[PDB]
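A.B. asks: opening with a subset of the complex:
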Amino acid sequence: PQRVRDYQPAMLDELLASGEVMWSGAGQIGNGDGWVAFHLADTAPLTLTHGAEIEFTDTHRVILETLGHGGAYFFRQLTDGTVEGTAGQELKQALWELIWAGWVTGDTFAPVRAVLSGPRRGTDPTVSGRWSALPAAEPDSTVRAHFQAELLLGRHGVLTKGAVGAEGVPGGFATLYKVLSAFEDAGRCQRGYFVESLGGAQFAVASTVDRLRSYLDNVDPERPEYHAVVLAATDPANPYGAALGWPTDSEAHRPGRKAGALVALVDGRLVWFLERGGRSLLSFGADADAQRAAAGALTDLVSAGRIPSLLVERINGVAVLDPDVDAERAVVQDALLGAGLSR
């Protein structure tokens, strides 16, 4: 809802149920939430993963037999054993263990809205939509490499040694660079020294670099714009962590790139950081009311209802709020109080 700008959860279920995209969960946080990775129907076997190598117990073995031969099935008909009773309730745990593994997917995206709500005639929603086997991901070949390269060049503006490290392609940058240079030799891409760091091998399609050639700070003295944007740390749009390391300033404590960690960043400089909600803050750099724009952004979020918490913000990286207030820390709580009570 930060990019679409007009999002109703009934807009995703519509796209899902048509058969345009695939759900295809993979990974797990624990106690629900997990790690969902969308797809597209035409090119699903290309941009999918192999598997998870789960234990494959017998109650797992019965499911994959039914879903194996055909298309989508409901919960109540997944097997013959009655869903009534513990033998029925034990199934849903055996299934959601198969989901996060990435073998079966539900096409409605109602389930993974249930497991987010909480642990609290088939009234339960946690297994409601019809579940289906997932198409056998095409084995790595010459075509999967080409398509993945094009996809990466489309997702990132430029493709560096860093972002390939975060994306975790099989074979590392060493193998991908082979096909990247094959492109630029054939055309379809040009390799230049586009951003001064990150080494001297950055690939980009010649259209992007035009846009990127904008946004440069012109050679003039001028008051900065002080723009503000707030992203999840583990959001693709977040550079810090991919092709851009975390700031060397304030590093003895690792901010990291994990779930629920907001990253408020004024136009280019990483200013704040949140962790496991609105609890622990990290002020990497300090500036005069540049913190104010980030505070405005966080407050606009919590007001709009996008992020759940009310941002207590009780701990700083040194945990100095009430005792022995730091002068560099004071600006943080001050710029915050002008925005939000922090309570």
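C.D. replies: Perfect, thanks for sending it. Residues are numbered from 1 along each chain as shown, chains lettered A, B, ... in the order given.
A.B. asks: for the residue nearest to residue A:16 when sequence neighbours are not counted, give me its contacts.
C.D. replies: Distance criterion Cβ to Cβ, 6 or more residues apart in numbering; nearest residue to residue A:16, sequence neighbours excluded, is residue A:109 at 5.0 Å. (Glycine included, C-beta is placed from N, CA and C.) Contacts for residue A:109 (Cβ atoms under 8 Å, 6 or more residues apart in numbering) come out as A:12-13, A:16, A:23, A:129.
A.B. asks: repeat that for 7 Å
C.D. replies: A:12-13, A:16, A:23 (Cβ atoms under 7 Å, 6 or more residues apart in numbering).
A.B. asks: tell me which of the residues you listed fall in helices.
C.D. replies: Per DSSP state H, helices hold the following members of those: A:12-13, A:16.
A.B. asks: which stretches of the stretch 151-300 of chain A form strands?
C.D. replies: A:190-192, A:202-204, A:228-232, A:262-266, A:274-275, A:280-281 (DSSP state E, counting those that start in this stretch).
A.B. asks: switch those over to JSON lines; also include distance to residue A:177.
C.D. replies: Shown next, in JSON lines, are those (distance: least, Cβ to Cβ, whole Å):
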{"stretch": "strand A:190-192", "distance to residue A:177": "10"}
{"stretch": "strand A:202-204", "distance to residue A:177": "9"}
{"stretch": "strand A:228-232", "distance to residue A:177": "28"}
{"stretch": "strand A:262-266", "distance to residue A:177": "29"}
{"stretch": "strand A:274-275", "distance to residue A:177": "35"}
{"stretch": "strand A:280-281", "distance to residue A:177": "38"}
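A.B. asks: among those strands, which is nearest residue A:300?
C.D. replies: Closest approach to residue A:300 among the strands of the stretch 151-300 of chain A (Cβ to Cβ): strand A:228-232, 8.4 Å.
A.B. asks: from the contact counts, what lies against the closest one?
C.D. replies: If you count contacts as 3 or more Cβ pairs under 7 Å, 6 or more residues apart in numbering; DSSP states H and E, strand A:228-232 packs onto strand A:262-266, helix A:290-304.
A.B. asks: please identify the most buried of the ones you listed.
C.D. replies: strand A:262-266 (a mean of 23; mean count of other Cβ atoms under 10 Å).
A.B. asks: between it and strand A:228-232, how many degrees?
C.D. replies: Interaxial angle of strand A:262-266 relative to strand A:228-232 (axes from the mean of the first three to the mean of the last three Cα atoms, to 10 degrees): 160 degrees.
A.B. asks: next, the residues that contact strand A:262-266 from outside, please.
C.D. replies: For strand A:262-266, contacts defined as Cβ under 7 Å, 6+ apart pick out A:226-233, A:238, A:240, A:270-274, A:290, A:293-294, A:297-298.
A.B. asks: also put chain B in, sequence below:
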Amino acid sequence: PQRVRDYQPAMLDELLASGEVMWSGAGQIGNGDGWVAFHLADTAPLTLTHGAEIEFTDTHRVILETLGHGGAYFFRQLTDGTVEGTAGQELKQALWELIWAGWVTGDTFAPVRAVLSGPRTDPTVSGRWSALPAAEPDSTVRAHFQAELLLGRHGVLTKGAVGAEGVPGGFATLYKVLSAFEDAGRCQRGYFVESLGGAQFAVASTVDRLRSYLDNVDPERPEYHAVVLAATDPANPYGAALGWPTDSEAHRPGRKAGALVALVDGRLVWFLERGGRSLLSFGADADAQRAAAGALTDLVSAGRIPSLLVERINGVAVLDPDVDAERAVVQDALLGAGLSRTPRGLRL
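C.D. replies: Once chain B is put in with the chains from before, the structure reads:
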């Protein structure tokens, strides 16, 4: 959207996919209009009907025999290596003919929302299409469930409503089974509505609710509540239990699809036919037409119905100098409600 005060269509597809209801259309009309019959999923085999009979060409058999021993599929996985170019148009036309007979069922209400949108990946066949569970064979259980369901739907089950409703064995078989109910005691067995003049079984509790609405013995000005209804939704007693007023000796209205009966304070004042172009005032009374007109205008302005700019009556359609009294009141009513007059005689 009339009996669910707030209804956004995305509210329905939330049910269909969850697995609690089954749409199962079971009757075809013209082109781009059908008979859908929402069943519940717990007791679907009971309220379902046997599959219709059709030509059963070979491509139909291809659509089946795959949906048969399986749960459900997308449109593409029905057959293999057939694109929307030439075999698709034959496969699709084979599908929408297989569903109006009632053998397959969408996993959501998205396609039918399109097939009505008129000819203008394709939206016409999107969701998963499932083979449909065979209807429970007629037995004693089917009979009891249908009888109890009918009693739940209509207030006082009559000999009439069983007529318009399609039940095997006619009203003669129900009276045989409802007598078993009256013996056990789950039904009142009282002469509740007089003109029906039969045996209305009803229920113990409903009668207590039905005994209200009884006209008060003293004289009182009427309340004038106008409630427009589609001519064929079960909340329309006429044509099923009450029967139509005998007017227009030759020209007779019915329960046609797309017609509107606008009844105010119980009595029906008007009748629309096939989306405008015919108004069938039945013994009008002044200032009652005002209420029905207000009903129609709030309906069209809320958007639930495509506007009506085409108007006629029995034979006096538009600006007949032979103007009658009964045609007058209709005019004085429609102009007062603000409906436009003489935009054109026709419409292309």
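A.B. asks: chain B added, so what about the contacts of residue A:109 now?
C.D. replies: Listed by Cβ atoms under 7 Å, 6 or more residues apart in numbering or on different chains, the contact partners of residue A:109 are A:12-13, A:16, A:23.
A.B. asks: list the contacts for the one residue in the stretch 51-200 of chain A that gets nearest to chain B?
C.D. replies: As assessed by Cβ to the nearest Cβ, chain B sits closest to residue A:70 within the stretch 51-200 of chain A, at 3.3 Å. Residue A:70 makes contact with B:70-71 under the criterion Cβ under 7 Å, 6+ apart.
A.B. asks: the one 5 residues further on too?
C.D. replies: Taking Cβ under 7 Å, 6+ apart, we find residue A:75 in contact with A:83, A:127.
A.B. asks: out of the contacts of residue A:109, who's nearest chain B?
C.D. replies: Checking the contacts of residue A:109 against chain B with Cβ to the nearest Cβ, the nearest one is residue A:13 at 7.3 Å.
A.B. asks: correct me, but that closest one touches residue A:111?
C.D. replies: No. Between residue A:13 and residue A:111 there is no contact under Cβ atoms under 7 Å: 11.2 Å.
A.B. asks: what's the burial count for residue 343?
C.D. replies: All of this refers to chain A. 8 (other Cβ atoms under 10 Å in any protein chain shown).
A.B. asks: please go with chain B instead
C.D. replies: Per other Cβ under 10 Å, the neighbour tally for residue B:343 reads 8.
A.B. asks: go on, residue B:187?
C.D. replies: Based on other Cβ under 10 Å, the number of other residues close to residue B:187 is 22.
A.B. asks: what sits against it?
C.D. replies: If you count contacts by Cβ under 7 Å, 6+ apart, then residue B:187 has B:178, B:181, B:201-203 around it.
A.B. asks: what about the residue nearest the centre of chain B, which SS state?
C.D. replies: The centroid of chain B falls nearest to residue B:233 when counting by Cα atoms, centre = their mean (3.4 Å). Three-state call for residue B:233 (DSSP: H, G, I helix; E, B strand; the rest coil): coil.
A.B. asks: what of residue A:63?
C.D. replies: helix.
A.B. asks: nearest residue to it other than its sequence neighbours?
C.D. replies: Spatially, and ignoring its direct neighbours in sequence, residue A:63 is nearest to residue A:78 (5.8 Å; Cβ to Cβ, 6 or more residues apart in numbering or on different chains).
A.B. asks: same question, residue A:310
C.D. replies: residue A:302 is the one closest to residue A:310 (Cβ to Cβ, 6+ apart), at 6.0 Å.
A.B. asks: could you measure that neighbour against residue B:106, distance?
C.D. replies: Taking Cβ to Cβ, to the nearest Å as the measure, residue A:302 falls 41 Å from residue B:106.
A.B. asks: show me where the chain has its helices.
C.D. replies: Unless you meant another one, I'm taking chain A. A:9-18, A:58-69, A:86-101, A:111-117, A:142-155, A:161-167, A:172-186, A:206-213, A:290-304, A:327-337.
A.B. asks: my question was about chain B, not that one.
C.D. replies: Under DSSP H, chain B gives helices at B:10-18, B:44-47, B:58-63, B:87-99, B:112-115, B:140-153, B:161-164, B:170-184, B:204-210, B:288-302, B:325-336.
A.B. asks: and then chain C:
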Amino acid sequence: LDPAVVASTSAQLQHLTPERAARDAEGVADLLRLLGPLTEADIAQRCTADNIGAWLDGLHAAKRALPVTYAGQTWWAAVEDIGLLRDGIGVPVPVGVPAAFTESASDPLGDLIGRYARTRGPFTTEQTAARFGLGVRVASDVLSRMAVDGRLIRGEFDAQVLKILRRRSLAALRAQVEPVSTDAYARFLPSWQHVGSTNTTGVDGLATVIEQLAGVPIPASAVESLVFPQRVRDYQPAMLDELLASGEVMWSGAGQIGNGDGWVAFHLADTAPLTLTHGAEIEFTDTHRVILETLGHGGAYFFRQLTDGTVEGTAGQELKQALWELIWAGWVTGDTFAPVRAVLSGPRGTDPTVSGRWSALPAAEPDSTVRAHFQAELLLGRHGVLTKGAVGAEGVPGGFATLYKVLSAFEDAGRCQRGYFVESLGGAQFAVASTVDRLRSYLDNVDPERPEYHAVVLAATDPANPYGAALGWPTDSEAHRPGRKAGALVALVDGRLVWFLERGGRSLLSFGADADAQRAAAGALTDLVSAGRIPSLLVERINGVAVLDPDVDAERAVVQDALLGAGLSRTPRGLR
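C.D. replies: Okay, here's chain C dropped in alongside the others:
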């Protein structure tokens, strides 16, 4: 205990009246469930159509309401009680039963006699032993232990039945119908002011809610947050501001709050100089004098037009502090409700909190008979039955001793009918006639049933909250005593006032500690939080009086468990 009353009441409790009889095949099973097992020869006395011989077989075939042969002759009993009765006395249930609900996890004979007593009138200890096949003294053993619990008490030749028998007998002693319990009035007053009513919607519904809530001062913070949006089902703060802009209601301000949430008080425009309190009579400096000069002499003016020559500066902030206080007196109103929406926002080019046109309120009517007549009729409109109490909180000038005079002219001429309507209140209790018929509902009937537990949450200073105007506060605790205070929540399930939240989550009370009934108020308050109607989430710092994490209080043990049932978590409170 009038022998006449004790007859009918013991009759209609036993479902013996011609009205209130089973008319159905299932209305018979409801007999067997409400009161104890009884013989079919007896059931025939309850049901209307006496062809029972098939109704009872229908239940047997459907495997419900099985028959048993214990205690001499055989009589039927509900399946749910076949488990209890089995272990109590007689042969056990046949193995044909599903027996899912049969298995007992507690003492049978402690519950088979209880319902048998709660149903009938005053009864002898000799009869129960015959009905249940017991001896003689073995029965008196139970009646003894039953008296210690609070169920069985003496009734002259059944504690809950004695309450009813005393209530009806006395009410029969004088010639008057039995009054509804004060709990029933607490259920009645909200719905008499449209609380949670879906009939009311749109601006034509808000111009109804106002005319009834006219003249009563309520805090600006609660308006359009907890008092209007509860009764005007959909409420968008324009439809109020659009009303104000026309000549329909005159938003007036009375009282004063340090925070800035001034006691606003709405009035219709036809009847303003009646329901308008006079004024405040504060000292008048130069600025206050110059405002009243212009702002009163003509119709109205903008903000900038009040002063002259010097538009703004350090003089702008002082005059904005002069006017915006002159309004909290009641001498000047705003032409819309847009400024006050800003003052609640706080300090957070043009400047709000002086936006709209400003005007001089009309000269309230001098105290006379017309004002008193109108005020009495209005109070009869707002409260259901106005007692000598609620007039106290409304603070009409002259006190109840001045109202009883003119209110007697009404009852004499025949517009209202005094009586004794609510259980425990004054003897005056006036009421219009059409209301009293509605009040005859909400009358908890004599038979025992499972409570409804339908929670509603008000603001403590909301006119719908009866507690503090008509009903007295529960005297549960004397040290920490609550009252009608701004921004306080009163959550009440059936009129019981189960909670009292104060000043956000800062304080919580536990008046009616009931299992399974704290949860209803918890759920309602959580819905208020989720819908955003409450301005802020709840914090829940203290409970009772500052209960700390160790050393759980027994009376308190259930309140926290109920709070856990809803969204609120175990995060340390006010960690700071």
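A.B. asks: the neighbour count of residue A:343 with chain C there, same question as before?
C.D. replies: 13.
A.B. asks: contacting residues around the residue in chain B that chain A sits nearest to?
C.D. replies: Closest to chain A within chain B is residue B:70: 3.3 Å, counting by Cβ to the nearest Cβ. The contact partners of residue B:70, by Cβ under 7 Å, 6+ apart, come to A:70-71.
A.B. asks: which residue does chain B bring closest to chain C?
C.D. replies: For chain B, Cβ to the nearest Cβ, closest residue to chain C: residue B:185, 3.0 Å.
A.B. asks: actually, chain A.
C.D. replies: Counting by Cβ to the nearest Cβ, chain A gets nearest chain C through residue A:314, at 6.1 Å.
A.B. asks: quick one: contacts for the residue most central in space within chain A?
C.D. replies: Closest residue to the average C-alpha location of chain A: residue A:235 at 3.9 Å, with Cα atoms, centre = their mean. Contact partners of residue A:235, counting by Cβ under 7 Å, 6+ apart, are absent.
A.B. asks: how much space separates it from residue C:270?
C.D. replies: Going from residue A:235 to residue C:270 by Cβ to Cβ gives 59 Å.
A.B. asks: can you give me the end-to-end span of stretch B:25-35?
C.D. replies: Stretch B:25-35 has an end-to-end distance of 6 Å (criterion: Cα to Cα, to the nearest Å).
A.B. asks: which residue ranges of the stretch 51-200 of chain C form helices?
C.D. replies: Assigned by DSSP state H, counting those that start in this stretch, the stretch 51-200 of chain C shows helices spanning C:52-61, C:82-88, C:109-119, C:125-131, C:137-149, C:159-173, C:182-192.
A.B. asks: for the longest one, packing partners?
C.D. replies: Here helix C:159-173 is seen to pack against helix C:5-13 when contacts are counted using 3 or more Cβ pairs under 7 Å, 6 or more residues apart in numbering or on different chains; DSSP states H and E.
A.B. asks: neighbours of the residue of chain A closest to chain C, how many?
C.D. replies: Counted with other Cβ under 10 Å, the neighbours of residue A:314 add up to 17.
A.B. asks: I'd guessed it sits against residue C:574; true?
C.D. replies: No. When contacts are counted by Cβ under 7 Å, residue A:314 is not listed as touching residue C:574 (11.1 Å).
A.B. asks: give me phi/psi at the residue of chain B closest to chain C?
C.D. replies: Dihedral pair for residue B:185: phi 110, psi 0, per degrees, to the nearest 10.
A.B. asks: same check on residue C:413?
C.D. replies: Per-residue torsions, residue C:413: phi -70, psi -20 (degrees, to the nearest 10).
A.B. asks: just the buried residues of stretch B:273-289, please?
C.D. replies: B:273, B:276, B:278-282, B:284, B:288-289 (16 or more other Cβ atoms under 10 Å in any protein chain shown).
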